[PDB]
Structures are given as structure tokens and as C-alpha cells.
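Trainee: Here it is: the structure, laid out below.
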Amino acid sequence: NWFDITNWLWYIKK
Amino acid sequence: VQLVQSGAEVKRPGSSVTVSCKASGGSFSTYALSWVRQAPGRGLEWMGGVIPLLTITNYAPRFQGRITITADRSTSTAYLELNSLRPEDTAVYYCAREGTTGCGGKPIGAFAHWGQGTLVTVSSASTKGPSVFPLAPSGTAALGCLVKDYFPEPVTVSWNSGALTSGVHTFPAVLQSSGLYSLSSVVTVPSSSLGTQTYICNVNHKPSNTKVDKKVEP
Amino acid sequence: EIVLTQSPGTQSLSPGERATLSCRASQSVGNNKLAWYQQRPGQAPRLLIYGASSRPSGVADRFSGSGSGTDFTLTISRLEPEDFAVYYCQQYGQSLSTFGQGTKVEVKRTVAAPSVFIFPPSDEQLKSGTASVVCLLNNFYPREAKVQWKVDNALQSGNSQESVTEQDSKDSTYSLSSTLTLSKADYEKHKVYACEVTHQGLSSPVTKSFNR
Ligand SMILES: [Cl-]
Ligand SMILES: [N+]
């Protein structure tokens with residue numbers, strides 16, 4: 001799901 | 001987060017349109033930006049989106065082969081390109097950015113932030129100012145103005161320079177077989193006022209600089 | 001592709017009443033990624049609910065979302081005047097996001113028959129080679145109405161267009177304008193110009209007419 005990618009990006013960038 | 005889109009566009013059939021969306025506030029690169037359109041009188045349709053940092057696009061199958069969505073990190077601007085335009089592509093195009101939850105910037109996927117929309121009109125018509133004709137009145141009388149054969153949208157109409165709003169109905173334009181628009185504006189008033197009171201319809205079509213103050217009398 | 005069904009497409013309710021709006025999905029929505037938006041005429045959509053039941057901080061707590069799988073509901077606990085608008089559901093549980101076709105929540109009021117007016121073409125327009133005849137159907141409820149143009153009692157087709165106003169914010173009525181367009185030459189071939197109106201508030205059709 002493309003709509004989940006920015007959540008992962010957010011999580012890994014913390 | 002504020003999203004500001006480029007202005008209304010008239011495009012010929014078979015041409016390509018580019019619409020821009022500039023974001024100010026928050027972060028741009030790490031949040032999903034989508035384009036959604038709405039044809040006149042119809043529903044919202046999701047067209048596609050982009051995640052700028054990763055350059056990952058995602059297009060609705062219906063538009064795959066006709067759309068390009070790009071993002072410019074230097075200007076926090078996203079672009080929609082739609083090719084091979086047809087009359088059916090006439091619509092308001094909105095940019096929409098996903099929201100966040102909490103104070104940490106966690107994204108929510110759903111579209112919290114919307115641009116003001118861009119009307120793209122797909123037409124072969126040329127700019128044309130309307131003719132303004134009275135709809136003369138015959139306890140209650142109706143009178144109005146017919147604003148005929150203009151392009152493109154929009155036209156605004158007031159009565160008595162905004163002093164008269166009670167009982168006024170300004171109707172949506174119709175698109176005629178010429179590809180020109182027509183609209184009507186009416187007002188109901190006491191029959192007894194037709195002798196005493198003046199009724200003037202103020203028509204404004206900015207693209208043609210047509211500004212008519214039409215006195216409607218019995 | 002997930003098809004979202006919003007049925008009914010219109011709900012006529014009174015201020016203060018509860019509203020429940022249905023969104024049914026053709027397939028299970030991934031991780032209940034279901035959003036609701038409000039849209040008022042001339043405005044961009046506004047997010048009310050995301051993730052089926054989450055409400056953004058700014059949004060009135062009279063809005064709530066529920067459901068999961070294929071079966072979602074937006075609840076408005078008590079309708080305020082500003083809540084009469086269109087509501088769209090959206091799934092984003094797979095890369096192809098879709099919307100429902102929308103449900104319009106409109107103000108229920110008493111049946112009101114249209115007041116019907118017919119306007120001949122202006123002398124000014126007739127100078128120009130075209131004749132537009134206008135029929136106004138004023139302040140009626142509900143929205144469903146039919147206009148038929150007759151010229152010397154011949155039913156017209158393909159030479160008229162109409163449009164309808166948004167529901168009036170004060171009296172909850174609709175109005176409709178229809179234009180019949182002819183060449184001046186064709187307009188001068190006929191005597192009787194009539195618009196015939198059908199509406200729930202009328203026990204039989206109303207005709208307004210003039211003789212050229
Ligand atoms: Cl709200
Ligand atoms: N392509």
C-alpha cells in the first residue's frame with residue numbers, strides 16, 4: 001500500500 | 001500547512017495541462033501529495049499522488065499513461081500534467097496533502113490539507129462577453145436578467161449594487177451547443193413596488209471586461 | 001478496484017436530528033483506512049474522520065465514525081445548520097484510493113408547489129436574430145420537478161436547458177430556470193409558447209403561456 005510508505009519513512013527518520 | 005494552486009486554465013482538446021501546488025508550512029519532502037478532481041455536479045475522483053523524497057508516484061489505473069505527477073523540493077511545489085485532454089476532463093483539480101496526528105508529525109494518509117482548486121475548462125471556444133437581456137415583470141412579481149453567450153466562466157450578478165438580496169436567485173450556467181455559457185438571475189418583489197422602485201442587474205464578466213448595469217422595467 | 005457505495009445518495013433531515021450515513025465496500029478495506037469528508041457548494045472538501053473512527057482535533061465531536069471490513073458509518077449526533085452538505089467516504093487501504101459518490105444531507109421541510117413564471121424574449125434580443133423564452137419555477141420543495149416546453153402544443157426536444165439553485169439557506173426551497181432557444185425566424189412561425197410544470201405539490205400540471 002503506497003498510502004503506508006510515509007508512515008514508515010516517518011518511523012525510520014526519528 | 002497551506003496549499004496554493006495556479007489559476008484557472010482554458011485548454012484546447014488534445015492539449016496538455018500543467019497545474020501547480022505550492023506548499024508553505026510544515027515539511028514537503030516526506031508527506032504524500034495527491035491530486036483529486038471533481039467534474040461539474042459530480043463526485044471526487046482520486047487521480048494519483050507522489051512522495052517527493054523517494055520520487056515514488058502512484059497513479060489510478062484510469063489515468064496511467066495520461067498523467068505525470070512531479071515534485072520540486074527546492075520550491076515545495078508539486079505539478080500535475082494531464083495529456084490528450086477531452087471535454088470530459090473539464091473539472092476542478094485539487095491538490096491534497098495527507099494530515100498528521102500528535103505533535104511528532106506522524107502521517108495519517110487521509111487528506112487533511114486541500115488547495116483552493118484549479119478549474120480547467122477543455123474547449124475550442126474563444127473569450128466572448130455576454131449579451132444581457134431583461135426578463136421584464138408581467139401580490140408578487142418576478143423579473144430578472146438573461147446573461148447569454150459568454151466564455152469562459154465565471155459571471156457574477158448582483159441586484160441594485162448588492163442592496164437587493166432577498167428573493168434573488170442566480171442560477172448555475174448551462175453550456176450551450178455553441179460551447180458558450182448562459183445564465184439567468186431573477187428576483188421576486190411586491191407587485192406594488194414596480195411603480196416606485198428601480199431594479200438593476202449588475203453583470204460582471206471579467207475575462208471580456210463586460211460590466212453591464214441593466215435596468216429591468218415593466 | 002474497491003467500489004464504495006453510499007446509499008441513500010440524499011437524506012432529508014431536520015436541524016437537531018441524528019444522521020447515520022452508510023459506506024459499504026465491495027471488498028474488505030485494508031487496516032480500516034476509511035476517511036470521511038464534508039463538502040459545501042463552492043468549497044474544497046474537509047476531512048472529518050480518518051482510520052474509520054479517528055477525528056482530527058479541529059473537527060466537531062458531534063461527528064463520529066465507526067465500522068470495519070466492508071461496513072462503515074458516519075454519525076452526526078445532532079444536525080447544526082452548517083452540517084447540511086455533501087459527505088464523501090474514501091478508502092486508502094490499497095494503492096488505488098477510491099471515493100464513494102457522496103451523500104447530500106439536505107433540510108426537510110413541508111411540500112411547496114413552485115410559483116411558475118414565463119418570460120417572452122426581449123425586443124432587444126429579437127433585434128439580434130435569436131429568441132430565448134425563460135420559465136422560472138420559484139421556491140419549491142422537494143427538489144424533483146419537471147418542465148416541458150410546448151410550442152403551438154408541440155412538445156419540444158433538444159432546444160432547452162435548465163439549472164437548479166442550491167437549497168435556500170433561509171426557507172429550504174429550490175428554484176429552477178429553463179431556457180427555450182430558437183432562431184427569430186423559427187420563433188415567428190408559431191403563436192403559443194407554453195411551459196408545463198409537474199411537481200409533488202401540484203395535483204395536476206401547471207401551464208404558463210403567452211401568444212407571440
Ligand atoms: Cl467540524
Ligand atoms: N506512458
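We name chains A, B, ... following the order of the C-alpha cells; residues begin at 1 in each chain, and ligands are numbered from 1 as shown.
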For residue 7 (chain A), list every protein, DNA or RNA residue within 12 Å, evaluated using only C-alpha atoms, and leave out those in the same chain fewer than 2 positions away; present the list as a list in words.
Mentor: residues 1, 2, 3, 4, 5, 9, 10, 11, 12, 13 and 14 of chain A; 30, 31, 32, 51, 98, 99, 100, 101, 104, 105, 106, 107, 108, 109 and 110 of chain B
Trainee: Enumerate as an mmCIF file with C-alpha atoms, in the first residue's frame the residues within 9 Å of ligand 2, counting only C-alpha atoms and all ligand atoms.
Mentor:
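Okay, this is what ended up in pocket.cif:
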```cif
data_model
loop_
_atom_site.group_PDB
_atom_site.id
_atom_site.type_symbol
_atom_site.label_atom_id
_atom_site.label_comp_id
_atom_site.auth_asym_id
_atom_site.auth_seq_id
_atom_site.Cartn_x
_atom_site.Cartn_y
_atom_site.Cartn_z
ATOM 1 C CA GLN B 64 -1.912 5.596 -16.048
ATOM 2 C CA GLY B 65 -0.448 6.671 -19.458
ATOM 3 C CA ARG B 66 -2.036 10.185 -19.446
ATOM 4 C CA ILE B 67 -0.741 11.694 -16.150
#
```
Trainee: Step by step, measure atom-to-atom distances between ligand 1 and each residue using only C-alpha atoms and all ligand atoms, keep those at most 8 Å, then write them as an mmCIF file with N, CA and C atoms, in the first residue's frame.
Mentor:
```cif
data_model
loop_
_atom_site.group_PDB
_atom_site.id
_atom_site.type_symbol
_atom_site.label_atom_id
_atom_site.label_comp_id
_atom_site.auth_asym_id
_atom_site.auth_seq_id
_atom_site.Cartn_x
_atom_site.Cartn_y
_atom_site.Cartn_z
ATOM 1 N N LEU C 48 -13.174 14.968 8.030
ATOM 2 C CA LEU C 48 -13.882 14.832 9.335
ATOM 3 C C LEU C 48 -13.324 13.647 10.115
ATOM 4 N N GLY C 58 -9.543 19.654 15.261
ATOM 5 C CA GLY C 58 -10.379 20.834 14.937
ATOM 6 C C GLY C 58 -11.862 20.520 14.717
ATOM 7 N N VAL C 59 -12.158 19.259 14.412
ATOM 8 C CA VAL C 59 -13.465 18.738 13.912
ATOM 9 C C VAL C 59 -14.433 18.599 15.092
ATOM 10 N N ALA C 60 -15.683 18.992 14.901
ATOM 11 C CA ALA C 60 -16.711 18.954 15.970
ATOM 12 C C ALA C 60 -16.904 17.511 16.440
ATOM 13 N N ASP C 61 -17.014 17.336 17.744
ATOM 14 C CA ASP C 61 -17.222 15.993 18.335
ATOM 15 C C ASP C 61 -18.650 15.480 18.118
ATOM 16 N N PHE C 63 -19.488 14.724 15.168
ATOM 17 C CA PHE C 63 -19.131 13.748 14.097
ATOM 18 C C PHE C 63 -18.406 12.555 14.719
#
```
Trainee: How many Å separate CA of residue 143 (chain C) from CA of residue 201 (chain B)?
Mentor: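 Atom-to-atom, CA of residue 143 (chain C) and CA of residue 201 (chain B) are spaced 26.4 Å apart.
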Trainee: Using Å and a single decimal, report how far CA of residue 84 (chain B) sits from CA of residue 57 (chain B).
Mentor: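 Result for CA of residue 57 (chain B) versus CA of residue 84 (chain B): 20.0 Å, one decimal.
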Trainee: Have a look at CA of residue 172 (chain B) and CA of residue 132 (chain B) and let me know their distance in Å, one decimal.
Mentor: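 Computed distance, CA of residue 172 (chain B) to CA of residue 132 (chain B), equals 15.8 Å.
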Trainee: Write down as a PyMOL selection string the residues belonging to region 32-204 of chain C that are assigned alpha helix (DSSP H) by DSSP computed on the backbone.
Mentor: chain C and resi 123-126+184-187
Trainee: Fewer than 3 positions away in the same chain doesn't count, so skip those; otherwise give me all residues within 12 Å of residue 127 (chain B), counting only C-alpha atoms, as a list in words.
Mentor: residues 10, 123, 124, 130, 149, 150, 151, 152, 153, 154, 179, 180, 181, 205, 206, 207, 208, 209 and 210 of chain B
